[PDB]
**Q** 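First the structure, which I've put down as structure tokens, then a few questions once you've had a look.
Chain identifiers are assigned alphabetically (A, B, ...) following the order of the sequence lines, protein sequences preceding nucleic acid strands; residue numbering begins at 1 within each chain.
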There are 2 protein chains.
Amino acid sequence: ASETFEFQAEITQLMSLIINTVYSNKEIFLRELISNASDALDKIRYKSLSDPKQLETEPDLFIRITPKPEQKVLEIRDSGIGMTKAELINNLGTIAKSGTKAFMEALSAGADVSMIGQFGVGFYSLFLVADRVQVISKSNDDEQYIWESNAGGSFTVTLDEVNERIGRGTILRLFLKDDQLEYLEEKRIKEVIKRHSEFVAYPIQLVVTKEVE
Amino acid sequence: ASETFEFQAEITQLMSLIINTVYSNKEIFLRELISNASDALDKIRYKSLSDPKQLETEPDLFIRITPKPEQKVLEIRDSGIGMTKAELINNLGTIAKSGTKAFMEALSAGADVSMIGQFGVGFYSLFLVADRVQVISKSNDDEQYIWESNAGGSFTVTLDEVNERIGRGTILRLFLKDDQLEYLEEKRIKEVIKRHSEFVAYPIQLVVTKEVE
Ligand SMILES: Nc1ncnc2c1ncn2[C@@H]1O[C@H](COP(=O)(O)OP(=O)(O)O)[C@@H](O)[C@H]1O
Ligand SMILES: Nc1ncnc2c1ncn2[C@@H]1O[C@H](COP(=O)(O)OP(=O)(O)O)[C@@H](O)[C@H]1O
């Protein structure tokens with residue numbers, strides 16, 4: 001069974017603001033999610049310095065992007081530190097985030113939406129191109145769990161019994177808006193990645209499906 | 001919890017014979033599995049002629065090949081008719097198969113292993129390149145189940161609570177032998193496919209993972 005939680009009020013406001021913004025540089029969501037993925041990977045690598053065993057659940061450190069055309073879904077995966085159930089609830093919704101209000105105020109002053117990451121709330125930039133998101137995570141410290149949101153004021157967390165097993169890490173499953181399906185296309189994804197992510201220490205793998213001739 | 005079943009004696013013999021054979025044309029396993037996939041797709045299409053709703057669980061009819069290097073696994077998927085729990089138990093092990101003994105006898109006489117499909121036991125050709133296999137299937141008539149075998153005399157069937165949800169169809173998850181890892185390579189898979197599968201009515205999709213430059 002799923003458990004429902006309430007978002008901290010300001011986060012709900014930020015989400016409403018983002019999913020509705022007519023901003024023109026929506027592609028920035030990928031840079032923010034790849035950046036978060038890279039950070040999660042840095043954390044497991046660092047932790048492993050004094051606890052090498054932590055790497056064994058998934059020895060390969062990578063960031064992987066997988067378009068799922070039929071479902072109009074785009075997945076951004078990492079084999080980073082992952083999030084336990086408590087962390088999902090804590091880190092993605094119930095706790096007040098320092099920059100949330102600050103960023104919204106900056107936005108009102110004329111700040112570029114691209115600044116979202118510098119305010120520490122880059123995760124929510126995903127609502128620029130998706131109206132729904134499932135965060136599937138597996139931390140060495142917990143079972144695999146699914147956190148889900150539709151930018152509304154509440155989210156759910158459910159023990160994962162329906163998705164592929166992740167050795168360790170997180171999958172951001174974005175359910176793209178109908179007018180943002182260009183991010184399912186290989187060429188588009190490739191150019192967005194090359195443009196704002198040249199100094200990423202991990203391999204960024206793009207999964208492409210090609211019909212055999 | 002898993003349920004264990006005994007293989008019909010002759011099937012166990014055939015498996016032992018196949019997994020141990022030093023045969024030189026091992027690549028034929030792909031043609032046999034793609035052929036089985038095509039047959040499963042023919043069946044759902046035919047059934048849909050008088051029961052169109054059966055297609056809604058997965059409107060796209062395809063065959064998809066996905067190499068998983070890290071796990072040394074190769075998956076052959078189809079969105080065909082799928083198999084219920086009873087069918088997995090029945091069709092893949094417990095019931096005597098007409099050609100089983102006939103094929104082994106033909107083999108002893110000097111018959112080419114490639115004839116396996118004409119004897120109706122082409123599925124087991126997978127043991128030419130894999131020492132273990134998981135058959136994940138979802139029939140519109142049942143839940144998603146996992147059938148698993150290591151060519152031993154018994155197999156297990158478990159309600160699926162660990163793999164990605166299949167709308168409808170079957171996934172043959174082959175755990176490749178250490179000396180058969182060439183079938184994880186794109187070029188190799190492509191040539192094997194083009195050679196013995198030109199008259200397949202469905203798109204055969206190859207999933208490739210490429211690091212972004
Ligand atoms: N891919 C991920 N792996 C692990 N944790 C993540 C991931 N993405 C986001 N988080 C967690 O949720 C929090 C919210 O994300 P975000 O707003 O982008 O924060 P920050 O700007 O600090 O990265 C993060 O601080 C982090 O703890
Ligand atoms: N991809 C599949 N989808 C549905 N059923 C399958 C699939 N592969 C094998 N089967 C089932 O298990 C049986 C055993 O496979 P196989 O030995 O190749 O049989 P056959 O030669 O009749 O195709 C098949 O007759 C079929 O009913």
**Q** Minimum heavy-atom separation for B:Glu164 and B:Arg77, please, with both atom names.
**A** OE2-NH1, 4.1 Å

**Q** To check you understand the geometry: which heavy-atom pair defines the closest contact between A:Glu87 and A:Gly82, and what is its length?
**A** OE1-O, 3.9 Å

**Q** Distance-only check: which donor-acceptor pairs under 3.5 Å involve side-chain atoms of residues 89-96 of chain B, not counting sequence neighbours?
**A**
unit_1	atom_1	unit_2	atom_2	d
B:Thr94	OG1	B:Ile89	O	2.9

**Q** Please determine which of B:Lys26, B:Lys177, B:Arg188 meets the salt bridge (charged side-chain N to carboxylate O under 4.0 Å, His left out) test together with B:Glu182.
**A** B:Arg188

**Q** Taking it one step at a time, do A:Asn150 and A:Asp131 satisfy side-chain contact (heavy atoms from CB on, under 4.5 Å)?
**A** CA-CA 6 Å; A:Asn150 55 9; A:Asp131 39 34; over 6 Å; no

**Q** With heavy-atom distances below 4.5 Å as the criterion, would you say the side chains of B:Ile193 and B:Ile65 are in contact?
**A** yes

**Q** Show the nearest heavy-atom pair for residues A:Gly153 and A:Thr12, with the distance to one decimal.
**A** CA-OG1, 3.5 Å

**Q** Residues two or more places apart in sequence or in another chain: which of them pass ring pair (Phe, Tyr, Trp, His ring centres under 6.0 Å) with B:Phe119?
**A** B:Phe103

**Q** Under the side-chain contact (heavy atoms from CB on, under 4.5 Å) criterion, do A:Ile76 and A:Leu74 qualify, and how do the steps go?
**A** CA-CA 7 Å; A:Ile76 297 101; A:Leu74 175 69; 4.2 Å; yes

**Q** Taking the side chain as every heavy atom from C-beta outward, state whether A:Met83 and A:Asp142 have any atom pair closer than 4.5 Å.
**A** no

**Q** Does A:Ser125 form a side-chain contact (heavy atoms from CB on, under 4.5 Å) with A:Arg31? I'd like the steps, not just the answer.
**A** CA-CA 10 Å; A:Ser125 75; A:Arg31 150 184 3 138; over 6 Å; no

**Q** For the residue pair A:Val207 and A:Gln205, establish whether any side-chain heavy-atom pair is separated by less than 4.5 Å.
**A** no

**Q** Please enumerate all residues that pass ring pair (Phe, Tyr, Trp, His ring centres under 6.0 Å) together with B:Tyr124, with sequence neighbours excluded.
**A** none

**Q** Are any of the side-chain heavy atoms of B:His196 and B:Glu27 separated by less than 4.5 Å?
**A** yes

**Q** Applying the side chain to side chain donor-acceptor pair (under 3.5 Å) criterion to A:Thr170, which one of A:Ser139, A:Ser79, A:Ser137 satisfies it?
**A** A:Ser137

**Q** Tell me whether A:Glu10 is salt-bridged to A:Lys97, with the criterion being a basic N under 4.0 Å from an acidic carboxylate O.
**A** no

**Q** Can you name the closest pair of heavy atoms from A:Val162 and B:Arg165 and give their distance?
**A** O-NE, 3.0 Å

**Q** Check A:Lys138 against A:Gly167 and note the closest heavy-atom contact, atom names and distance.
**A** CG-O, 3.7 Å

**Q** How long is the straight-line distance from CZ of A:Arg45 back to CD1 of A:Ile81, given to the nearest 0.5 Å?
**A** 12.0 Å

**Q** Can you list the residues that meet the ring pair (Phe, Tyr, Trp, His ring centres under 6.0 Å) rule with B:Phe123, with sequence neighbours excluded?
**A** B:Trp147

**Q** For side-chain contact (heavy atoms from CB on, under 4.5 Å), just list the numbers for A:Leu159 and A:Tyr145, CA-CA rounded to whole Å, side-chain angles, deciding distance to a tenth of an Å, and then say yes or no.
**A** CA-CA 5 Å; A:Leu159 176 64; A:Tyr145 276 89; 3.8 Å; yes

**Q** Going through the distances and angles, do B:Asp42 and B:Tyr202 end up as a side-chain hydrogen bond (donor to acceptor under 3.5 Å, both in side chains)?
**A** CA-CA 9 Å; B:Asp42 283 348; B:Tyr202 310 97; 2.6 Å; yes

**Q** Mind checking whether A:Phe29 and A:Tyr183 have parallel, tilted or perpendicular rings, split at 30° and 60°?
**A** perpendicular

**Q** So how far is it from B:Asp160 CG to B:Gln134 CD, rounded to the nearest 0.5 Å?
**A** 9.0 Å

**Q** Contact between A:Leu41 and A:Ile63 at the side-chain level, heavy atoms closer than 4.5 Å - yes or no?
**A** yes

**Q** At what distance, to the nearest 0.5 angstrom, does CG of A:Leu172 lie from CD1 of A:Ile34?
**A** 11.5 Å

**Q** B:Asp179: what forms a side-chain hydrogen bond (donor to acceptor under 3.5 Å, both in side chains) with it, not counting sequence neighbours?
**A** none

**Q** Does B:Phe62 have any ring pair (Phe, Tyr, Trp, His ring centres under 6.0 Å) partners at least two apart in sequence or in another chain, and if so, which?
**A** none

**Q** Quick one: do B:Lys85 and B:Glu143 make a salt bridge, cutoff under 4.0 Å?
**A** no

**Q** Working to the nearest 0.5 Å, report the span between CG of B:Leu126 and CD1 of B:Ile28.
**A** 10.5 Å

**Q** Using a strict threshold of under 4.0 Å (side-chain N to carboxylate O), is an ion pair present between A:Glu186 and B:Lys210?
**A** yes

**Q** Find out whether A:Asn36 and A:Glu32 are in side-chain contact, i.e. whether some heavy atom of one side chain is under 4.5 Å from a heavy atom of the other.
**A** no

**Q** A:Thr21 versus A:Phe127: any side-chain heavy-atom pair under 4.5 Å?
**A** no

**Q** Between A:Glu75 and A:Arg64, does any side-chain N to carboxylate O distance fall below 4.0 Å?
**A** no

**Q** State whether A:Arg132 and A:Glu148 are salt-bridged, where the test is any N-O pair (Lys NZ or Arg NE/NH1/NH2 against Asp/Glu carboxylate O) under 4.0 Å.
**A** yes

**Q** Assess whether atom OH of B:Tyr23 is packed by more than 12 heavy atoms of other residues, nucleotides or ligands within 6.0 Å.
**A** yes

**Q** To the nearest 0.5 Å, tell me how far B:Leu30 CG sits from B:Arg195 CZ.
**A** 10.0 Å

**Q** Rounded to the nearest 0.5 Å, what separation is found between the CD1 atom of B:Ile44 and the CZ atom of B:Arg168?
**A** 5.0 Å

**Q** If you look at every heavy atom in B:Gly122 and B:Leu33, which pair is closest and at what distance?
**A** O-CD2, 4.5 Å

